[PDB]
Amino acid sequence: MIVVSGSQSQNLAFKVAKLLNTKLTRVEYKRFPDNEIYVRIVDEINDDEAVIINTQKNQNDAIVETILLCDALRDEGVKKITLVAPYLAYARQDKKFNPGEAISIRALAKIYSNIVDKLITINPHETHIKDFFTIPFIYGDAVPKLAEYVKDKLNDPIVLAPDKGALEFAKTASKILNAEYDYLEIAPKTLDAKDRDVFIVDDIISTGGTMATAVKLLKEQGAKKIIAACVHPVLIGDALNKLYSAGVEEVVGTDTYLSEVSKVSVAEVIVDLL
Amino acid sequence: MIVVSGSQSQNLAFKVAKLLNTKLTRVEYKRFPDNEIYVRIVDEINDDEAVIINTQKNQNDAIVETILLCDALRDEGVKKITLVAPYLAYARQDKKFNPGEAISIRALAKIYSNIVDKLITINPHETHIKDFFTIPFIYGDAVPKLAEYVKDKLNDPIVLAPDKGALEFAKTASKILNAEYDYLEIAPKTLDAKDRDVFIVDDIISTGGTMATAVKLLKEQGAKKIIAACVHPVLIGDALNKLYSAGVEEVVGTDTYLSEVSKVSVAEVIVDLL
Amino acid sequence: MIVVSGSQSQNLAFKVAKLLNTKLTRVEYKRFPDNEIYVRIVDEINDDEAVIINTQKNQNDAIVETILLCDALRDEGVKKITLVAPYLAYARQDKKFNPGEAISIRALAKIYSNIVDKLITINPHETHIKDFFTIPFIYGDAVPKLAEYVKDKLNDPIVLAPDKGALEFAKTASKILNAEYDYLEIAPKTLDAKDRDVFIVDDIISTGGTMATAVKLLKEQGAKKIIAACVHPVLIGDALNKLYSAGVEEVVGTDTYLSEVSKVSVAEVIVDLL
Amino acid sequence: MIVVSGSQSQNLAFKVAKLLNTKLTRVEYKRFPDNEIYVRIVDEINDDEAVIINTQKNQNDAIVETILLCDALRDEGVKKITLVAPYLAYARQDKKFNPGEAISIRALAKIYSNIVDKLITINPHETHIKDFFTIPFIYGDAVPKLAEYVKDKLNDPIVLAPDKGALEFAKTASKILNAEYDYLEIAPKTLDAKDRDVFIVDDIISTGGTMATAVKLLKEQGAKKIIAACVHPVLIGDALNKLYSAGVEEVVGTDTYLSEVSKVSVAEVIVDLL
């Protein structure tokens, strides 16, 4: 297998290819004057199985660039193309939340199904979206790498899921830290934050309103050191400043989405799925 | 048939639907906080044949937005979807100009072929790109509307094609103005600009280097009033200022690509192809 | 005086320089790889009084590009620089609408005051913002050019201001069309739309919610042909589609802000203010 | 003193305020529908001396946002405002490299001089640009934090400055690693890479052409483990992929400019300058 760097995951692709003990296939990427995307496989591709690693922070650009990379790889032989999209755009469009809406991830699933043979992503908004794929849909989990990152800096804490739906993440981290978990329902459904360190984990932190709320509250409940983590740190606008004011000790996310707090890497999570 | 407005051609769609004596189907379009595209068909769709009019100035956004609109229309019935993309992005990637390059328009042609039943565009960079489509590929011509726009403001001129490859456009306009045509090869292959009004037409004006050159020269040859026209006025950066300095009297383009000189509309050119 | 083209008003600058019977001073503009702005005065500047015409659709880019152009012009002699900013960004920040907010136009007024000797803009959100300038603050009005555009296509109509604060524009247009004016307060404070053509004018159409409302209502009141006009057609997202569905016959704006309906030019309005 | 977070340095501001044992002043930042910037100081400001930390990756946005934050802080009391701009945009425009060009950093220096009382930046392209400021112009150095980062992972290496002008950085790092330094002039002016680990440091890595070259060469000269570092990792386009192919073992930059390799923080470098 050869590893192809997408434009948006050049360092993750490198880390992955390093773990796989492979040389990174040089791939040229540029924008024409009008801004159109240009991809070209510089190195020679003997192997006929390629792995494309390109996250989708810039949703549309990533989608079109992937469509073009596939065309260039097929045209170079490669019988099997595996697409690694750490952050998969449009996954929040599970269903028709209103009449006339378009189920985005479904439409794109159809396209991915005709251009790549396998799709691997990290912590999708919803795993049921696999039903839309006529190809293998793999999803790894980074919560554990997050749990490990903070296990070092939290004195016997309690894991908390901002909302009941994030409970699974809380539990997972809970296991790796040997702590107790629970979720907010506003106050924790069971446990009490009084005088304890807290580790709040969720899959995404977008505007930061969900966490800001949990953080502010937990502090008012007498919690001590609090660290907020998430797989995809979208952190829009002043999200970070929002959490920092709320009192968090630190905010930490992975490199599935570039942010000022993408301290944890999913490189290994990806390698084990290949 | 119903006319669906893409986000990038809202006024052209209106003009077209007006000519077709149809009501414009209200279509909701917005961006989520993270910038993902959101489309929703607000009005009810009884008819089962829709026409999508969305040019691609923002190449990637237009492509993904089209992919989502189709998904929403199929999901609403509509057995036949005709996509009108006045300006078709990635059409300059005709072939592999180097080993390892991706034939962009080919890859996207494959996608258009699986999501729409027919594709109509105005003055593609190359018409041979139809070979890539497993569906009807129609291409109209706006040169005539351009010729008509200036016939009014040029005292017995001569039509000129910047390069030999733009000759066809020159001739076409030439016919509608009853003037003589020719092309630059640097000087006009035959005719002479001395003391005459000149109408230079080409399909695209990107950086403006091609025209700036023709204009500067023709002026040095004693040409009088010069008007530069093109179907797609990409006009990147200081392109316009470049031509104005060169001495053009006016620059005029159509509405297939929004610019400060999109004075001519292709609405009717489109209607006749439907 | 010499006319300097900003990057965002290249065609307006040309039209203005044409009316002033002057040659447009060639100005180079480009972006470095990292996207920083680069300006260079290509032609020689003997005259010591320059006029910069650069609207601010891309607010921040326009502000910094203006800051750099001034530096280049002073460095070339030019004792007096007049800045023409058809659309003046940040003008909606009149005052502190909340404790801790920044009065944007005030901060920028201070900057304009130290880099240009005179500022001319078309239809500011609020004219009181002149108090913030330690230099001459001129503001022209395009409503008349708008009134003239439609006088040709509306059978004895009535001018309407969407809100009481847009009354002034309604009246102005009212005068040039000899029709009666009035404003919505929801229904017209006096006149009745029943069986009449309507011309609704306002200074800005952003999301389109204000007009969409007026249009829908007036139609329900039995109005006939309706045309919506505005000086600055910001028309965000699906604004146009919104108005078209509401039933407007046409939407028309000026070239102070590039849109698909910038059919009217303020070139002359500007020339008379110089 | 209070620490104000700019939108582009929210995490660095937090780290700095943490080191300063101060609470981060909550600052609201958002974009209106048309994209204009909106800033509001949410918390109360008793102290009359503020420190603004906002790097300029998005050059123009950062400049205007700073102009607005100052206006809001003065309006809140604050007699002294210190601006920390880790990465200072437009610093490469030292002088007029051509007739008619604008000395960008000079024009902006004038503005910074009238809105802030002190300016602190990390590793400017040129320090002579201080001549343009009528206020205190401080510049810290991150090379040492970079040297420290790699001292841990390089077996007795040699520090190399890509070009003679980056020599100073090489020497600095050289001191902290006790290794020998030198520069490329193509080959190293003195030392030889044969069988040795190499640490190449420069202030900026933009397109990556400078380093890619050094790396490729040094490898051809038999160098072993090579690590490339820089203060500002602009890393445009495929820059990283370019270096990785060239053979670098790792690329590392600071958080003055967000990138996928901003592993080293300048928080402390900044704190010591306050």
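Just so it is clear, A, B, C and D label the chains in written order, and each chain counts residues from 1 on its own.
Assume a contact is a pair of C-beta atoms (placed from the backbone, for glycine too) under 8 Å apart; a residue touches a chain by one contact, two chains touch by 3 or more.
For reference, the UniProt names are A, B, C, D = Ribose-phosphate pyrophosphokinase.
**Q** Can you list every chain in contact with both chain B and chain D?
**A** Chains in contact with chain B as well as chain D: A, C.
**Q** How short can a path of touching chains from chain A to chain D be, counted in steps?
**A** The distance in steps between these two chains is 1.
**Q** Using mean CA coordinates as chain centres, what's the gap between chain B and chain C in Å?
**A** 28
**Q** How many angstrom lie between the CA centroids of chain C and chain D, rounded to a whole number?
**A** Measuring from centre to centre gives 39 Å for this pair.
**Q** Starting from the mean Cα coordinates of chain A and chain C, work out the distance between those two points in Å.
**A** Inter-chain centre distance comes to 43 Å.
**Q** Two or more other chains in contact with one residue: find those residues in chain D.
**A** 28, 42-43
**Q** Thinking of each chain as a vertex joined to the chains it touches, would you call that graph a line, ring, star, complete, or other?
**A** ring
**Q** Applying that definition of touch, give me each pair of chains that meets it.
**A** According to the stated criterion, the contacting chain pairs are A-B, A-D, B-C, C-D.
**Q** Spell out the part of chain B that touches chain A in their complex, as residue ranges.
**A** Touch list, chain B to chain A: 28, 32-43, 59-61, 63-64, 67-72, 75-76, 89-90, 92, 96, 98, 100-104, 106-108, 110-111, 114, 206-207, 234, 236.
**Q** Considering only the defined contacts, which chain A positions touch chain D in the complex?
**A** 5, 7, 9-14, 24, 26-31, 42-43, 237-238, 240-242, 244-245, 251, 255, 258, 260-262
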